[PDB]
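Asks: Just dropping this structure here.
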Amino acid sequence: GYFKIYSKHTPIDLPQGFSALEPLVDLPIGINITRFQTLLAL
Amino acid sequence: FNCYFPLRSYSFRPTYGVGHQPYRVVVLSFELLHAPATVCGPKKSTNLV
C-alpha cells in the first residue's frame with residue numbers, strides 16, 4: 001500500500017555509467033495499481 | 001391532511017431550560033483499514049543529554 005518514488009537528475013541511447021537513485025517521496029496511498037501511462041506537453 | 005413536512009425547526013432562545021437549550025454535539029468516529037494509519041496523536045519529546 002506504500003507508493004515509493006525514487007528520482008535522480010543528472011546533466012549530460014542510455015549513457016554508460018553508474019548513478020544511484022535517491023528516494024524522493026513516500027506516498028501512503030494504500031490502493032491497487034496495475035497499469036500506467038505517461039503524459040506529454042504539446 | 002395526512003401529509004406533513006418531515007423536517008421541523010428547532011426554536012432556541014436564551015430563556016430556555018438546560019434540556020431545551022441548543023447543544024453543539026460533535027461525534028468523533030475512528031476507523032482502522034488496510035490503508036496505512038496516519039492520524040497520530042502528539043508525540044512527546046525529552047531534552048537530549
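Within each chain, counting starts at residue 1; across the C-alpha cells, chains are named A, B, ... in the order shown, with ligands numbered 1 upward in that order.
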I need the chain B residues near chain A as a list in words; criterion: at most 8 Å, counting only C-alpha atoms.
Replies: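 Every residue meeting the condition is included here: residues 34, 35 and 36 of chain B.
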Asks: Output N, CA, C and O atoms of each residue in that selection to a file, as an mmCIF file, in the first residue's frame.
Replies:
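Below you can see part-v3.cif, which holds the result:
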```cif
data_model
loop_
_atom_site.group_PDB
_atom_site.id
_atom_site.type_symbol
_atom_site.label_atom_id
_atom_site.label_comp_id
_atom_site.auth_asym_id
_atom_site.auth_seq_id
_atom_site.Cartn_x
_atom_site.Cartn_y
_atom_site.Cartn_z
ATOM 1 N N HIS B 34 -7.072 -1.363 5.992
ATOM 2 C CA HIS B 34 -5.809 -1.869 5.467
ATOM 3 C C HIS B 34 -4.929 -0.737 4.953
ATOM 4 O O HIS B 34 -3.718 -0.918 4.781
ATOM 5 N N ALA B 35 -5.518 0.429 4.697
ATOM 6 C CA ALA B 35 -4.737 1.601 4.349
ATOM 7 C C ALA B 35 -3.862 2.012 5.533
ATOM 8 O O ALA B 35 -4.243 1.821 6.691
ATOM 9 N N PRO B 36 -2.679 2.565 5.268
ATOM 10 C CA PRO B 36 -1.764 2.924 6.364
ATOM 11 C C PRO B 36 -2.377 3.952 7.301
ATOM 12 O O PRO B 36 -2.964 4.946 6.869
#
```
Asks: Could you check how far CA of residue 34 (chain A) sits from CA of residue 14 (chain A), in Å to one decimal?
Replies: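 Going from CA of residue 34 (chain A) over to CA of residue 14 (chain A), I get 26.3 Å.
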Asks: Can you measure CA of residue 25 (chain B) to CA of residue 7 (chain B) for me? One decimal in Å is fine.
Replies: 19.0 Å
Asks: Would you pick out the contacts of residue 7 (chain A) at 9 Å or less, using only C-alpha atoms, so that residues sharing its chain but fewer than 2 positions from it are not included, and give the list as a compact mmCIF listing (two decimals) with C-alpha atoms, in the first residue's frame?
Replies:
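So the final result, stored in selection_31.txt, reads:
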```
# COMPACT_ATOMS: atom_id res chain seq x y z
CA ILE A 5 9.16 7.08 -5.90
CA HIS A 9 18.55 14.28 -12.20
CA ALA A 20 22.16 5.70 -7.67
CA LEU A 21 18.55 6.84 -7.34
CA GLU A 22 17.81 8.60 -4.06
CA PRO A 23 14.31 8.31 -2.58
CA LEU A 24 12.03 11.24 -3.33
```
Asks: How would you write, as number ranges by chain, the set of residues in region 3-42 of chain A that DSSP gives as strand (DSSP E)?
Replies: A: 3-7, 22-28
